[PDB]
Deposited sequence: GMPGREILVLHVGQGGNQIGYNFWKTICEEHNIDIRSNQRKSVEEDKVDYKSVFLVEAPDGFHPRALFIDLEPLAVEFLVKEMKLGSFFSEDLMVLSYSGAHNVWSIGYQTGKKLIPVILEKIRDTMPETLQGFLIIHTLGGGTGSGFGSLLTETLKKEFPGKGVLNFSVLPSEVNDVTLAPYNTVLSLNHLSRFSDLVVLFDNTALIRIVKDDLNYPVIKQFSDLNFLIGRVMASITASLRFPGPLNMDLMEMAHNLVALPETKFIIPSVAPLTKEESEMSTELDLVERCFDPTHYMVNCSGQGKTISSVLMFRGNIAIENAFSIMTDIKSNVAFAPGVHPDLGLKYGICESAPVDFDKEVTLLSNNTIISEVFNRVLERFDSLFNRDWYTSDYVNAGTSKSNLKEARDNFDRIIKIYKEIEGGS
């Protein structure tokens, strides 16, 4: 392996760790590595491969440069026992507790604070000095992924200010989720806005909606939603893992999207999503679908105004078709007022292809429509907070109702900043 551009992935909470199954299986397969054996799949290899960004090449084989962190052992049992991948998800990478968070952001933040010294100790003793930053994968509706996840985002940014903190954060289902989810989401999004460098948001609602609206993208609960999430957040890391015009590090990835410091929440969009749709689709259809608010990984009523946008062509793409397609797509994309006609969209081609598809198009967008998504989160927060509903356990866990209001008001400040850019 060649030193540099090493990323440490931190899976926090049950959802974040369960997503790691297909996140690491996709990364392993796309780099010709078998997750069961920790070895390569074939002697066939590209001359240049940036597998060292997410994978450690030990003499025995390849291991994930990752920590699997949870206040309960249920998710790691899914990985080691149900998935039988204990050789890859090994115990030296596991920071585990057994108290739990009980779906309360505050309990995850407080209980996880007792695990921070051992986490920082493992990072210094095991990570390389050329480590470029951290990638935090977690959900926002619970307590461990939200509270401990907010703590790790904050702690890593403070202890490693020169490194990048990237967050792949999963939003709760708007219509079917725990009652404490709006409190946990607002608390987590407030912490992430302060300490994260880039927050790419995923919504279980959006993924469910695509199946419900038939090629079948989920056939079993969670085990296919998380399967699909892990493949998407692995697809949007291809810029960090493969050479090409859009080859980036974590800092570059945030700079291409974060115009103002408060505008750090990104909507990802990937096409194709199923093998049937891939066989019967073209490059133009995948791009037009990525700009379609239906295929947004966040649930959006319509498209908004684009501030900054990064699109990637993966696989067998004709570069002249890519040039001609993006000229026509840019004319029909609504950009935020003040964005230069040729400065709001970046496209690139990656030769490496996803395992299941010959082609793939990914879109990362800093879009003003996230204010609409955040306003729905805000109105669900206010429907409960203004009646003092479900607030008793945040109080007992060290988060006052005043602190809940502070995170809400700052969360609303982010919405209004996005809305001003929209005009």
Against the full deposited sequence, which stretches does the structure leave out? 214, 425-426
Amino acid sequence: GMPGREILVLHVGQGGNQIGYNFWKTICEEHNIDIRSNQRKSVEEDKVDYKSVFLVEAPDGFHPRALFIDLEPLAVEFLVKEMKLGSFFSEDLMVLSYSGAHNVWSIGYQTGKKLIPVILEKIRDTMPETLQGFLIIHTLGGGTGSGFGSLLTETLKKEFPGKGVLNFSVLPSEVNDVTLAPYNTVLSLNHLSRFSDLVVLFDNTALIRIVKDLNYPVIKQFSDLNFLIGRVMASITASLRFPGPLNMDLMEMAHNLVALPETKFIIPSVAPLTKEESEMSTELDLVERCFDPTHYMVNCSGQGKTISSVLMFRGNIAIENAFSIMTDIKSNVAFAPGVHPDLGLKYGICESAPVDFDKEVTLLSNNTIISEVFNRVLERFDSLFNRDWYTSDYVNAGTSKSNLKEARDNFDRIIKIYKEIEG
From here on, numbers count along this sequence of modelled residues.
On mean Cα temperature factor in this entry, is 270-278 or 292-300 the higher one? 270-278
The stretch whose C-alpha atoms carry the larger average B-factor in the entry, 375-383 or 62-70, is 375-383
Go through 224, 252, 197, 91 one by one and give the residue whose Cα B-factor in the PDB entry is largest. 224
Entry record, C-alpha B-factors for 144, 155, 327, 167; the maximum is at 327
Taking only the Cα B-factors deposited for this chain, tell me whether residue 389 sits in the lowest, middle or highest third. middle
By the record's CA B-factor, is residue 40 among the lowest, middle or highest third of residues in the chain? middle
Which third of the chain does residue 51 land in by C-alpha B-factor: lowest, middle or highest? middle
Which third of the chain does residue 218 land in by C-alpha B-factor: lowest, middle or highest? highest
Going by the recorded CA B-factors, say which third of the chain residue 370 sits in, lowest, middle or highest. middle
